[PDB]
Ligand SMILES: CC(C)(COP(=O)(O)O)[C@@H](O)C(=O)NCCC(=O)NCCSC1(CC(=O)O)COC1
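Only one chain is given next, in structure tokens, and it is the form deposited without the named molecule.
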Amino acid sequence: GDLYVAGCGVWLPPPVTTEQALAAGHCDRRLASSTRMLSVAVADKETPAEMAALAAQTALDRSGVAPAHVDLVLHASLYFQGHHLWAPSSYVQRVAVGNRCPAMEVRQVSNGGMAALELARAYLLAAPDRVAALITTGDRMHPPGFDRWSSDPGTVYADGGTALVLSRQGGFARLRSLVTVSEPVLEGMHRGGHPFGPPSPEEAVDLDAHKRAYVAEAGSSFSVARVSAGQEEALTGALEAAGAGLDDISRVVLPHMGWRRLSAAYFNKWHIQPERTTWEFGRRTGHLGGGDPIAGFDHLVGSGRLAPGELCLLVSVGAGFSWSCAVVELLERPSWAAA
């Protein structure tokens, strides 16, 4: 039961450069300097479902899969979708797909995309006649409730949508492994209340205060170690299930986090070069919720930086914590891609 990537796509609103953010006062020099971000996709009027649906159309057109063959629609996101008690995956389905399979949201903060992928894989493998699934991500990190530069310092949040078509029948790439790891002991790091008691009443987004409170309670040593372990389990699990080692991977699709965070988590830990990653693409794009590994994959394939036969390693992590890693093999250059 091999699964394939039949299509993928993004819809990214126009970039706002770091220089502009600095001049506009959204950003300070220290943070610009430590993150080393160059630009971030910023929407004007487009809403999360709208961007997701636009990406889905592109992904569906490319995959050439018929709507009737789309057996599941899964929309992932990490911030407010615009309207309470409303179904944004039903919008995506209405606009991008035009069919009547089940459509629902899946959330796992920044690991949302990979999480939806897990459920999509399972859904496709659970009944013998199922063909394809659509996974979308979409977010809009605007005031009042979100500061894309300072709400989660070290990561700069982007507006935009992404989409992937997963399929049992065929496609341009083969999903060789997909592994997900959970360390729920860390859930309290991203919320108010006692880290090992119940949450406080509701809250605008500010993560740094909660992280410091968590670390003060659980210890710096414990926190760093549990975080390191989870990351390592995801990486190792994915490589092993794909019969590869890190030396067998041509490109690593990393989260679109700032330089300081990617150095501590990946570059100085795994000892890989940034030229082997999507660092340059991510630092011009910003963090797209749970859609980074989709945006990053789509970039590598679309620009021809990934070659037939080559293995690609997707790396994703979300508050919780949850980590996912996948090894993807490119089978052929798709027609929408350059050489």
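In case it trips you up, residue 1 is the first one in the sequence shown, and so on.
What comes next is about the form deposited with the named molecule bound, which is not displayed.
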So the ligand isn't in this model. With the named molecule brought over in the entry with it bound through superposition of the site C-alphas, is the pocket blocked (at least 3 atoms within 2.4 Å of backbone or C-beta) or open? open
Stretch from 240-248, 253-261, 160-168, 124-132 whose residues place a heavy atom within 4.5 Å of the named molecule in the entry with it bound: 253-261
Using 4.5 Å between non-hydrogen atoms, is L12 touching the named molecule in the entry with it bound? no
Residue-level question: is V106 within 4.5 Å of the named molecule in the entry with it bound, judged on heavy atoms? no
Does the 4.5 Å heavy atom contact test between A319 and the named molecule in the entry with it bound come out positive? yes
Contact label in the entry with it bound: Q93 to the named molecule, heavy atom within 4.5 Å: no
Would you check whether the named molecule, in the entry with it bound, lies within 4.5 angstroms of a non-hydrogen atom from each of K45, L54 and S89? no
Interface residue in the entry with it bound among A216, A204, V224, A209, criterion: non-hydrogen atom within 4.5 angstroms of the named molecule: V224
To verify the annotation, which of these, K269, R191, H142, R174, has a non-hydrogen atom within 4.5 Å of the named molecule in the entry with it bound? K269
At 4.5 Å, heavy atom to heavy atom, what parts of 131-164 sit next to the named molecule in the entry with it bound? List them in sequence order, or say none. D152, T155, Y157
